[PDB]
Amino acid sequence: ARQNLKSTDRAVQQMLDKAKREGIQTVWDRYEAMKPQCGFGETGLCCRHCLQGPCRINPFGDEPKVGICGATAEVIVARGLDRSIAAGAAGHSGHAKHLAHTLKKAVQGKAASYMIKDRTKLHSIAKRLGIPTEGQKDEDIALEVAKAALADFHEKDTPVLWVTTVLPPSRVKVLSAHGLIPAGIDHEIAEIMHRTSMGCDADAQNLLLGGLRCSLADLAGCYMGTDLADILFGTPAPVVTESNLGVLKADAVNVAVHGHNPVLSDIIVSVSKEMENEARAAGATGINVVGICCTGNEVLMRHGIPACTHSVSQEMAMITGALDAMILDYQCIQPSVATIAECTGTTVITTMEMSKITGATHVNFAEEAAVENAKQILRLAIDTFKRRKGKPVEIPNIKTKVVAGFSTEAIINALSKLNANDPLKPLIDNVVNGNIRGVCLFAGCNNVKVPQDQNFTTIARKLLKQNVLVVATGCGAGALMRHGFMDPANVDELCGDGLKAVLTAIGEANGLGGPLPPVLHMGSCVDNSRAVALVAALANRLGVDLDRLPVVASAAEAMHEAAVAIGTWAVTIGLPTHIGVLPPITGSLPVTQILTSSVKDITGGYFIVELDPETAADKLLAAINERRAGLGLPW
């Protein structure tokens, strides 16, 4: 097979060849077996919301033209999209909610493996929420922050504070005028599921306004998750590590942390260092913890744990034969891992009650027992390492250098070395003088339909040459790190002269004798909220709303419902937002026109649907430059 048609990652290509000769089916094989995919589903023109279905509508031609109950294409498309947004928001609800409970347990003395690690962030969040701190114990402040987090999930006397306190007042005012401020996170999720059920909401604009509001519930969960993880585990600062399959070590116990919620995998990291001598007794050099997906991003950002792989290529880590354990929480885990494990020897371990996989070993993680749980898990990994003594492994000797840890606090601190009391001003100065053309956030997944990483790297290369400041999260950050976009040694090759000058000036003032990396890694998918914090801080410093800023987003290879929700809130907060795969909307021209055009008149943002990455880069540059022109800037 030509493996480069599947993935642009050479380590992935090498493992695809191994999987092929060993007869191990991969995600790419399961995709091929699915073709041709259903065109009703692809276009959004299918409904299964009641037992009179399934209903479908022919995109073109003759009947069927309308659902059995009378639901039009507009209604069917908008209802399906709304449920996808609610599903995305629900994952972020679960992630943030878990962290809120963990913080509450910690400060109540119920979970001594957890603690307040970032006291400053705690007090800053309390202040933003209106919680008094003067003369209060940190534990009581944290109890109040956890209570406020849990309160945002349901209706109360205030709207969702993890929306209204994180966006500029002018933006909150626009959203409120259109009825878009969430009343409660789980409240909005449930209202979406109700209104999209049979015989309820049946007006495309009304449905889509509901979707915008639920996407802000997703934003609140993202921002709440980042806030609470930073309190518990530390706010990221710049770190240096490596990425790709070559971070695996044949002579070590290789343990991947995979999923999203690092609540236990932050603990796995710390415990793994304590069990080094137990690993050495078993014949290993040590325990080598590596990351997959956003749990991997979390521990990369906070501890420099190397990233093994991401998203669509996750099975390939197992194909090496050296992955002794894969420790799972939830979200973005291909359930194929449980069956591949039988072929590769890997011990796959689930840990969360609501996310089990038939055939995997389940360990019932509890914060109250986190260290004990981590030791049980790592001992299974050590046992597995011992079982592969003498077996050959094939780890591609392929890895890149990765500078990461660019939380918004870290970015502001780095800029403060150029201007101590007005840190955003050097960035704004360079936007104004054209050294920085604008900002682009790359976000979201890989998707088996797109050769892995091709859109992220093609678009990023064009933007960087045109002096765009590129930030990235999730598996977009994964794609860019695995292709060298987080290695400062590649600044000369990748970056336009203006951007290079700025990255160099910031780097030299931070004592690096070298530039910042070409792309700034801002963390996990919930950490898209960090990009919101940066952009809102810029808006406040400039006295304008986000829909006037030369800032865009690109979910260039989107897959998960999470990514749909994130793209939708990016639009809702005012950003031009590219999506590089087709969401199921093309079966309705009216819905497509709302999402790509008339929503501009509501929020100032809009979707740019473009599957060709060179064309998408041109459209993103045009959007940036239109914003520059609106501010009276050359472009």
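Throughout, we count residues from 1 along the sequence that is shown.
When 158-166 is weighed against 272-280, 272-280 comes out higher, by mean CA B-factor as recorded in the entry. For the pair 144-152 and 306-314, the mean Cα B-factor is higher in 144-152. Within the listed group 428, 463, 382, 450, the record reports its top CA B-factor for 382.
The maximum CA B-factor among the listed residues 194, 79, 137, 483, taken from the PDB record, is found at 137. Ranked against the other modelled residues of its chain, the C-alpha B-factor of residue 72 as given in the entry falls in the lowest third. In the PDB entry, a CA B factor belonging to the middle third of its chain's modelled residues is recorded for residue 408. Sort the modelled residues of the chain by CA B factor and residue 442 lands in the lowest third. The PDB entry assigns residue 233 a C-alpha temperature factor belonging to the middle third of its chain's modelled residues. Looking at the C-alpha B-factors along this chain, the one for residue 433 belongs to the highest third.
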